[PDB]
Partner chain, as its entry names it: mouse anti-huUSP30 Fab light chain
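Only one chain is shown below, in structure tokens, and it's the form solved without the partner chain.
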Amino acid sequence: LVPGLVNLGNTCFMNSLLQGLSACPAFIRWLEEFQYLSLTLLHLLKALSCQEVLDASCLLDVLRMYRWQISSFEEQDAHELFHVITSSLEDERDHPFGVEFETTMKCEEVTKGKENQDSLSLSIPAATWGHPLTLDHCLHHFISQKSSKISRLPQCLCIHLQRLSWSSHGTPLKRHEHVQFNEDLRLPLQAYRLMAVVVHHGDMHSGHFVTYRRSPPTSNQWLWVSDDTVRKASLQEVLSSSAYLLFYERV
């Protein structure tokens, strides 16, 4: 068992994401290699690792004291919080999640630039009849896509599936469809092993966020965390879930 975290009104995504991040030991190690946000984040993550209930108001307070208006983030996609944490951890340095793309632009002449991202955000493609939605199809659809190729892969990989779509009328909707994912995922040139899965439940304006993650030691027994409620979980329960964020580590 791992400690749970309490909900401060709406906190569910933050504690789901903290539970996911604690299941990334290289990210933990890099924080160890590093009041400032990195140390609070390490304290939160090391407490959620290493096998009562906890409180992560310290994270909200260090963010606010850095003049971040967190109450405007419940109106955005949950994933933008993750991008804020990684972008603020890079401010303390100047990266375990960093993926790096080499892009070429042309229209006579060409120009090769470099771009960096904290995760891989994949559009959920339309399901054709007779073939289920797989994460390899989304990854291939994101790779196919001014060109862009992956030229540096991260040690810890975050994969965000854009479950929040927007109609042509401008009104938003949640894609409920299930994407098949395996715990062993080979990125086409490296190989990665699944560590945690953040899932969303209910309508889009509900904040019901839940994390499946591995037990701390790499271990083999999965855990379901919804705030204070922590229990044992099977792998088929993890793989049958409707994934929103996937946290992998390089094998």
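Rigid core (definition): largest C-alpha set, two forms, superposition within 1.5 Å. Numbering follows the first chain given and starts at 1.
In the deposited sequence, the stretch from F34 to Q35 hides 10 or more residues that have no coordinates. Where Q145 is followed by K146 in the displayed chain, the model omits 10 or more of the deposited residues that sit between the two.
Looking at mean Cα B-factors across 108-116 and 151-159, the upper value is held by 108-116. Legend: mean Cα B-factor per stretch from the PDB entry, 72-80 versus 97-105; the higher mean is in 97-105. As recorded in the PDB entry, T229 shows the highest C-alpha B-factor of the residues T229, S16, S22, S241.
Comparing the listed residues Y212, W30, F209, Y192, the entry records the largest Cα B-factor for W30. When the modelled residues of the chain are ordered by their C-alpha B factor, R64 lands in the highest third. Looking at the C-alpha B-factors along this chain, the one for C58 belongs to the highest third. Residue-level temperature factors show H176 in the lowest third of its chain, judged at the C-alpha atom.
Compared with the other modelled residues of the chain, the Cα B-factor recorded for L223 ranks in the highest third. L41: CA B factor lies in the middle third for its chain, per the PDB record.
Omitted here: the form solved in complex with the partner chain. The next part is about that form.
When the partner chain is considered in the deposited complex, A127 lines it closely, a heavy atom lying within 4.5 Å. Although the partner is absent here, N182 is a contact residue: one of its heavy atoms lies within 4.5 angstroms of the partner chain in the deposited complex. In the deposited complex, at least one heavy atom of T134 sits within 4.5 Å of a heavy atom of the partner chain.
Just one of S123, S87, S72, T134 moves its Cα by 2 Å or more between the shown form and the other one on a rigid core overlay, and this residue is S72. Superposed on the core, the two forms differ at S206: its CA moves 2 Å or more between the shown form and the other one. Residue displacement note: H176 has its CA displaced by under 2 Å between the shown form and the other one (rigid core superposed). The Cα-Cα distance between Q76 and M14 is shortened by 3 Å or more in the deposited complex relative to the form shown here.
Relative to this form, in the deposited complex the C-alpha atoms of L41 and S71 separate from one another by 3 angstroms or more.
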